[PDB]
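First comes one chain, alone, set out as structure tokens in the form deposited without thymidine-3',5'-diphosphate.
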């Protein structure tokens, strides 16, 4: 997998963000994460977390996996990086999201995320409170 540059347009919530990708605006859905919807418990926490991480970043990069690249709603399915730090992973590690079921072969980082989740659970962080 290879990372590509992107520019933040607008943070929508915990699991979705609008980015300028290859010259055009596009909505992306973060791969392998399930964040509380915004209003479920920790929903606003997850949203603020993602928003702060994305808006303060110098560089935003998108990384598509090896499976299908867009869901039924036209959203791109990818791992998002803020200054080299994967947002998908940070959310799970901080206990603000759970690892979702693999979707159409997009599982390159499933183990990485599963381990981050086990640690958040052991630390009883937020959702695991």
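Numbering follows the first chain given and starts at 1.
Residue 38-residue 39 interval: deposited residues absent from the model: Missing residues, residue 38 to residue 39: 4 to 9.
Per the entry, where is the mean C-alpha temperature factor higher: 55-63 or 40-48? Averaged over C-alpha atoms, the B-factors run higher in 40-48.
Of 95-103 and 71-79, the stretch whose C-alpha atoms average the higher B-factor in the entry: The entry gives the higher C-alpha B-factor average to 95-103.
For residue 117, the third of its chain into which the C-alpha B factor falls: It falls in the bottom third of the chain.
If you rank the chain by CA B-factor, which third does residue 19 end up in: lowest, middle or highest? Middle third.
What comes next is about the form solved in complex with thymidine-3',5'-diphosphate, which is not displayed.
Pocket accessibility after superposing thymidine-3',5'-diphosphate in the entry with it bound (3+ atoms within 2.4 Å of backbone/C-beta): In the entry with it bound, thymidine-3',5'-diphosphate occupies a site that, on this form, remains open once the ligand is superposed onto it.
Ok, 86, 62, 53, 77: which has a heavy atom sitting within 4.5 Å of thymidine-3',5'-diphosphate in the entry with it bound? For this set of options, the contacting one is 77.
Touches thymidine-3',5'-diphosphate in the entry with it bound: residue 82 (any heavy atom, 4.5 Å): Output for residue 82 is no: heavy atoms all beyond 4.5 Å of thymidine-3',5'-diphosphate.
Is residue 15 close enough to thymidine-3',5'-diphosphate in the entry with it bound to count, meaning some heavy atom within 4.5 Å? The answer is yes: residue 15 has a heavy atom within 4.5 Å of thymidine-3',5'-diphosphate.
So, in the entry with it bound, is residue 71 in contact with thymidine-3',5'-diphosphate at a 4.5 angstroms heavy atom limit? Yes, contact at 4.5 Å.
Does residue 93 reach thymidine-3',5'-diphosphate in the entry with it bound, with heavy atoms at most 4.5 Å apart? Heavy-atom contact with thymidine-3',5'-diphosphate at 4.5 Å: absent for residue 93.
Taking heavy atoms and a 4.5 Å limit, what residues of 94-116 are near thymidine-3',5'-diphosphate in the entry with it bound? In sequence order, 101, 103 come within 4.5 Å of the partner.
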